[PDB]
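J.:
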Amino acid sequence: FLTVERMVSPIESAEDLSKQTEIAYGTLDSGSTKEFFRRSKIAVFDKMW
Amino acid sequence: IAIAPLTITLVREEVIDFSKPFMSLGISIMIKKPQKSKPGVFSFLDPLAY
Amino acid sequence: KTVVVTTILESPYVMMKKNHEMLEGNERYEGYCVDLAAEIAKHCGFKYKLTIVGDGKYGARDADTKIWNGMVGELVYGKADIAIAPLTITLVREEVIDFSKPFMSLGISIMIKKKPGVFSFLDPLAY
Amino acid sequence: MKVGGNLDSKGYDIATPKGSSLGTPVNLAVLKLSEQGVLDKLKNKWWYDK
Amino acid sequence: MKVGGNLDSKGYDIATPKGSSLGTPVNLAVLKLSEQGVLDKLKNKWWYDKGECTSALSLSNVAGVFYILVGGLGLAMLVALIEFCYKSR
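Line order of the protein sequences matches chains A, B, C, D and E. Counting in this note's numbering, the first sequence runs from 8 upward without gaps. Counting in this note's numbering, the second sequence runs from 205 upward without gaps. Counting in this note's numbering, the third sequence runs from 123 upward without gaps. Counting in this note's numbering, the fourth sequence runs from 6 upward without gaps. Counting in this note's numbering, the fifth sequence runs from 347 upward without gaps.
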């Protein structure tokens, strides 16, 4: 229990959020952020989209 | 021209012309993703070998 | 007319027999490509003579002089009638000669290298 | 999940009618695409990325 | 050991001169050979047939303490017999 509790690391960056799946993440239905996510070429943002 | 996952066979080569294969594949095995099995009755002896 | 089969020496593809010196002809060679060529010759009913490429190179264009080397060069310049060897199918070779349907599929792969002490129970604490 | 390697070897290719002028250009285009690495990009996009 | 999958896809093919009568039937021959399965037979025959080839704690991890225990037992026996012989004499 204690080792697992120590091992967990809070998400402090984009790819930590992206590779992980337990905690969801969202964006506005219609906005510049959604366009950026759609028309992106970097791998991390691609799999996020 | 036929652009689709068409398998290259001897008969098809006999009738039509095939380019070099753009993607290779074979026969493989799909099994259900393994799950945590129920521990055995005498599973407390597991840390030490018999 | 007998067909010259031009080959590059490479294991398992072709090898030198242990008794290659006393033997003569295609029996001097044994390998993957010789068996493949035997099957092809049986299918097409022609006699073939095995010959190893002189320079022992797979083949690559030299942009300064534009002369093919290796088995591709042997085929282009008429020294060979058919090549049965581990020759990769690429663009440069494709535009100059005819490649059959690939008989052996391959790719880049990773190769890795694959007993505690008697008094190993003392490791957790320093000496 | 997929377990083990491939039992046999097969490939998917682009088909062209017998005695046509598109066979050789399509063939060399397929090899140029494979050597360039676009095909692996497409496979990764349509299988893993998406 | 080879580990993982092939990163890309290539192949080995029979090469013949441009515009040769030997191309079409050698291609038919290699395809027929692959479909007949003899090609896989050749692959297995010279790659494998002529080839030349846990979580729980094991006893080897604790063999040293067993050796120490047996040595201590033997030393205790030796001491006991020494004392017995000395007292008897």
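Even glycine gets a Cβ: it sits at the ideal position worked out from N, Cα and C.
Confirm, please, whether the CB-CB distance from C/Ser222 to E/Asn373 is below 9 Å.
T.: The residue labelled residue 373 of chain E in the question sits at position 27 within the fifth sequence. The residue labelled residue 222 of chain C in the question sits at position 100 within the third sequence. Yes.
J.: Starting from B/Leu229, trace the beta strand (DSSP E) both ways and give me its first and last residue.
T.: Position 25 of the second sequence, counting from 1, holds the residue named residue 229 of chain B. B/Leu229 -> beta strand (DSSP E) spans 227 to 229.
J.: Compute the Euclidean distance between the alpha carbons of residue 333 of chain B and C/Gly153, then round it to the nearest angstrom.
T.: Examination of residue 333 of chain B is not possible in this model, given that chain B is present from 205 through 254 alone.
J.: Cα separation between C/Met193 and C/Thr173?
T.: Along the third sequence, read from residue 1 onward, the residue named residue 193 of chain C stands at position 71. Along the third sequence, read from residue 1 onward, the residue named residue 173 of chain C stands at position 51. Approximately 10 Å between the Cα atoms of the pair.
J.: Which class does D/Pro30 belong to by DSSP, given the choice of helix, strand or coil?
T.: Here residue 30 of chain D is taken as the residue at index 25 of the fourth sequence, counted from 1. Helix.
J.: Assess contact between the stretch 197 to 207 of chain C and the stretch 125 to 132 of chain C, defined as three or more Cβ pairs (one per stretch) separated by less than 8 Å. Is contact present?
T.: Touching, per the Cβ criterion.
J.: Around the C-beta of C/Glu146, are 16 or more other C-beta atoms found within 10 angstroms, so that it is buried, or is it exposed?
T.: In the third sequence, the residue the question calls residue 146 of chain C occupies position 24. Classification of C/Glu146: exposed, given that the 10 Å Cβ count is below 16.
J.: Quick test of your reading: E/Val376 and E/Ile360, contact by CB under 8 Å. State the CB separation rounded to the nearest angstrom.
T.: Counting from one through the fifth sequence, the residue named residue 376 of chain E turns up at place 30. Counting from one through the fifth sequence, the residue named residue 360 of chain E turns up at place 14. Sure, about 6 Å apart at Cβ, within 8 Å.
J.: Which chain B residues are close to D/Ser14, counting only those with a beta carbon under 9 Å from its beta carbon?
T.: On the fourth sequence, position 9 is the one that residue 14 of chain D refers to. Within chain B, the residues near D/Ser14 are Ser228, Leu229, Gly230.
J.: Just to confirm the assignment, what range does the beta strand (DSSP E) spanning D/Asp18 have?
T.: Here the question's residue 18 of chain D lines up with position 13 in the fourth sequence. Per DSSP, D/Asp18 belongs to the beta strand (DSSP E) from 15 to 21.
J.: Report all residues from its chain with a CB closer than 7 Å to the CB of D/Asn49; omit the five preceding and five following residues, and keep chain order.
T.: The residue you call residue 49 of chain D lines up with position 44 of the fourth sequence. Counting only Cβ-Cβ distances below 7 Å, and skipping sequence neighbours, we find nothing.
J.: Just the C-alpha distance for C/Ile234 and D/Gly9, rounded to the nearest angstrom, thanks.
T.: Position 112 of the third sequence, counting from 1, holds the residue named residue 234 of chain C. Position 4 of the fourth sequence, counting from 1, holds the residue named residue 9 of chain D. The alpha-carbon atoms of C/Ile234 and D/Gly9 are separated by roughly 18 Å.
J.: Kindly say whether B/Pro225, judged by its beta-carbon, lies nearer than 9 Å to any beta-carbon of chain D.
T.: Numbered from 1 along the second sequence, position 21 holds the residue referred to as residue 225 of chain B. So, interface residue.
J.: Return the chain-ordered list of same chain residues with a C-beta closer than 8 Å to the C-beta of A/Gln27, the five sequence neighbours on each side being excluded.
T.: In the first sequence, residue 27 of chain A corresponds to position 20, counting from 1. Once the five neighbours on either side are set aside, the close Cβ partners of A/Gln27 are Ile18.
J.: Just to make sure I have the definition right: I need the residues of chain D whose C-beta is within less than 9 Å of the C-beta of B/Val215. Which are they?
T.: Translated into the one-based positions of the second sequence, residue 215 of chain B becomes position 11. Simply none; closest approach about 12 Å.
J.: According to DSSP, C/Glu132 sits in a beta bridge with which residue or residues?
T.: On the third sequence, residue 132 of chain C is found 10 positions in, with the first residue counted as 1. Paired residues: C/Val136.
J.: Taking the alpha-carbon of E/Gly357 as reference, which of C/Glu143, C/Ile232, C/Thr212, C/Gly167 has the nearest alpha-carbon?
T.: Taking the first residue of the fifth sequence as 1, we reach residue 357 of chain E at position 11. The shortest Cα separation from E/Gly357 among C/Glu143, C/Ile232, C/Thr212, C/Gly167 belongs to C/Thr212.
J.: Are the C-beta of E/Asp386 and some C-beta of chain D separated by less than 9 Å?
T.: Translated into the one-based positions of the fifth sequence, residue 386 of chain E becomes position 40. Yes, because at least one Cβ of chain D sits closer than 9 Å to the Cβ of E/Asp386.
J.: Could you tell me the alpha carbon to alpha carbon distance between B/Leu249 and E/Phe412, rounded to whole angstroms?
T.: The residue given as residue 249 of chain B occupies position 45 in the second sequence. The residue given as residue 412 of chain E occupies position 66 in the fifth sequence. Their backbone Cα atoms lie some 19 Å apart in a straight line.
J.: Going by DSSP in three states, A/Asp53 sits in which element: helix, strand or coil?
T.: The residue you call residue 53 of chain A lines up with position 46 of the first sequence. A/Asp53 falls in the helix class under three-state DSSP.
J.: On the criterion of 16 or more Cβ atoms from any shown chain inside 10 Å, does B/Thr211 qualify as buried, or is it exposed?
T.: Residue mapping note: residue 211 of chain B aligns to position 7 of the second sequence, counting from 1. By the neighbour-count rule (16 or more Cβ atoms within 10 Å), B/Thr211 is not buried but exposed.
J.: At what residue ranges does the stretch 140 to 197 of chain C contain a whole run of the alpha helix (DSSP H), taking only runs of 4 or more?
T.: Counting whole runs of 4 or more residues, the stretch 140 to 197 of chain C contains the alpha helix (DSSP H) stretches 154 to 166.
J.: Give the DSSP bridge partners of C/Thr124, in chain order.
T.: Along the third sequence, one-based indexing puts residue 124 of chain C at 2. None; C/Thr124 has no bridge partner.
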